[PDB]
Structures are given as structure tokens and as C-alpha cells.
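Before any questions on how it binds or moves, here is one chain, the form deposited in one PDB entry, in C-alpha cells.
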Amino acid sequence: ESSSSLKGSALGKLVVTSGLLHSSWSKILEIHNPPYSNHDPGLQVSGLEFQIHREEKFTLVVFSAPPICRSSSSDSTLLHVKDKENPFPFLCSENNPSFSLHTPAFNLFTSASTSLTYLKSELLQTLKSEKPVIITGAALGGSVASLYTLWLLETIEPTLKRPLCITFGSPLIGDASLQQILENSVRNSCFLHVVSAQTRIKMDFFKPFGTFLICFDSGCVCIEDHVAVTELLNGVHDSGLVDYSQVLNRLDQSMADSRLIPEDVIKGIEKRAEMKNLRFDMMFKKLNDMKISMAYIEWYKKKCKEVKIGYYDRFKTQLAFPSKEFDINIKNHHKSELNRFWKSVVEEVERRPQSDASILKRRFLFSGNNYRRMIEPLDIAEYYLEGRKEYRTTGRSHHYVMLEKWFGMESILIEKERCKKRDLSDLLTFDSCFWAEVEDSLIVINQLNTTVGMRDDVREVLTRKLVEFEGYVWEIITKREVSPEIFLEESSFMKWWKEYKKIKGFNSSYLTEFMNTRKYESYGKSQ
């Protein structure tokens, strides 16, 4: 009666009546039972066998491999994001910079990357054309086919069709780190590992990923929850060849029985499923609180403009030298809550996009973009107080980077017009690393003045980084892409300008005219 157990049996039936199992398996049979043979003495004569079947409404790819060592073939290859032997750099994460693959399967994939690289482009085009692609394999053949599928999942946009990998009694492929990377992920949904109910797998290092079709004489169950799959299939290495022709036949009968799966396991799936649903709903309701926190931060910022320091500076100053309570609440209540929230948003939606067409839906994408421009400067202020350097290229928290990339991608497609006479008092600077540029230039100015024994060559680089920054500043003013608040008396930008005036020289500077004449006092105001 559990909505999970119901869904599992109904989904198993769906897969079976699919015909995906009969398609895949009959092609696998053809590798070793060729349909057409010729007996010409002339035409007749360990590694990877493979065959492409370009059918009419799909392209199927079978991989096959030599039968596996049973007593001790566990072997593990470690793949680090910075390793160049790594074919799956895109799979790695900040929490998961490395993972491990069963080494026979891995080496079998690598050897064959040649001549199948070509295949990869076609398949992607095939998918791009809206034509399905299945990739399949028995045993270590399935292991290799799964590695190949992963190889095809480099770019996941919610709008690109995705390959389906179907496996038959394969061994495990990834470790616990691969599992974590793939969990609850669109990638994870590309793999169906058909296994027999009586099959057992030793699972002390290799861990299940993807969906599992667990087959009984009475029928099958589609299980997506990986701890349930561990529960049902972990034993002590008790493999037995399973003729999957026989399994497919018995599924076909469907004349399923009661209690295919133990109750406790079902309960667990249901519990974890419902926690996940509630977590999703919570993210949606908690967005409203985050917008309210943003509203408090709006009022902080206006007050900081009124006092002529600016919010970033006030945040920085007050963090270094605490003296007022409001600021401590801004930082430890609202900014903190906002950071946990939006980090979690990004980490979730790059696993499971939010709609057919979008990684992030408009409420999330748009208010995430506002959150970026508003609150990344505070994280920059913290970053520079800590004495860290080079924020843009070495320091950005990932979630800010994703929110920027996604908003840019969508912005390409948005009809908008900026009015050249709008008051910009409330503009949120588009380059949310702007303050990092200010702080870096301050640092270089200190290096110029305070460093003695500096070589001439370095000084020139420093000076041109200086003129570079000046050009960046002038372009963002010209293009009306900075908040007028950078010009407040007490801000770090005005500090930068004071220090720089002394160092700079003899060049056209539309910036210095602009500053010297005070026209910055009119930047962003009209009538």
C-alpha cells in the first residue's frame, strides 16, 4: 500500500512492457550468436567487442567483454579532477574531487576510446536530432557500456535528450564517491541495471548507482533508492551466472506475487522518498524568508549610503571592528541564512533541473541573480579581511559562479532595454566581483609604494595592471554598469582613487577628468 512499493512494481511493469529489455538482450545475444555467418574458408579468421545497430527510431550500442575473474579481480583506479588520465573531469565536484572505477572495466573503456570517440559525436548528434540512444552490455560488457554512457553525459542541459544505459548482471563500477556524485541526479537516471533477485554482490568498496530492475520469477521491481539496493543485493560475493534469457522469459509470463520485497526495505524507501519531497517543498517556501532577509539588507544598504560609507565598507569595517548590533544581525542572521540557502539551491538544481526547459526557474534564477549581485560583495569583504588574494580567479564560492553563468545564459534570450536617463541609485552592479578588483588594485598600489628592491620588470606589470583597472573602471562607468554608491566618501573605491592619484601619470585619463571635475556626483541621477 506504500506509494513507493506501488510505484516500484508499476514501474517494473512499465519497463517490461517497454520492450527495452527484449531489444537490448536480443542484440547482446547476437554478439556471440551471430545471425548471419558465412562459411567461406577465406572470410574466417580477448579485448572489447562492440556492435552498433542503427535502427529506425533509435540507435543501440552493444559492448561485450571477456568473462570476469571472480575470486580477486576487485581493482580500483582513482581518477582525480586534476589528473589528465581522467576521462570524466566533469563528474568531479568540490565535495568530490576524485572517484574510483573498477579497473578492468575502466581500462576496457580507455583502450577503446579510440574509434569510439567518433561514435560519441554521432550519438550526440543523434540525440541532438531527438533520436533515442540505448547503450547496453552484459556483465563486464555492461560495466563498459555504463562507462561509455557516463562519457556521453558530459553536458547535461534539461533540453538535450539523454542516452539510456541498460545492464544485465553487471558487476559494480563505482565507489562511494561516484555514488555521491550521481545521487538524485539526472545522470543517475540514465542507468537501468537489470539484476536477478538471487544475485549477490560484495559491496565493501564498490557501490551501486543508477536504477535497478530486480527480477523475480513473479515479476520485477524497479528500485531507485541506493541504500535499498545495497540492502537487497549486498552479500559476500555470492555471484552465480544468471542466464538472463531465462529471467526475461519469466518476467514475460506475468500470470506479480505478494511480498517480492521485504517490508522494512520498502519502508525505508518510502521514508527517504518522503523526506526528499518535504525538502523540495521546504526550499520553495523558505525562498520567501530569503526574500525577506534581502529586504532587511535593502534597508541596511540605504542607511549605509546615507552615512556615506557604503554597505560593503560598513560590512567590512564592522566585521573587523564590531561596534553596532544591527550589522552583527545582518551578517550572522540574514547573510548567513542566505548563503546556506543559495548554496543548497545550486547544489540541488545542478543535480535535478527545475523544469523541462530550465535548470533554474524564474523565481529562483532571477532572485538568485539579485542575491548574487547584492551579497557576493559582502563575501568579498570577508575574503579580503582574511588576507586572501585574487578573488575572481581563485576565491569565488562555486554557487555564485553557477548563478552568474545561468543568469547569463538566459539573459542572452531576454528582450530588455536600459533607459539611459533612469536613476541608478538602486542599481546592483552587474560584475559582482567589482569590489575584488578594487581590493586587488589597492594591493598593487601598496606593493608599488612599499616594496623596495623590486625589479623593474615586475614594476611594469604592476603599473599596467594599474592602468588596466583604470580602464575597467572607466568602461563600467561609461556603460552605466556600477552602482553610484562606489562614489561615497568612505568607500574603498574613493580610497583607491585617492591613493592612485598620487601614483598615476601623464596620460589621457577620462577617468581623472571625470573625478577631478566632480561629475561622478551626477553619475546615475537624472531630473
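The numbering used is simple: start at 1 and walk along the sequence shown.
Heads up, the form deposited in another entry isn't pictured, but that's what we're talking about next.
Assigning each C-alpha to whichever rigid part's superposition fits it better places residue 352 and residue 369 together in one part between the shown form and the other one. Relative to this form, the distance between the C-alpha atoms of residue 347 and residue 133 is increased by at least 3 angstroms in the other entry. Relative to this form, residue 187 and residue 347 separate from one another in the other entry, with their C-alpha atoms ending up at least 3 Å farther apart.
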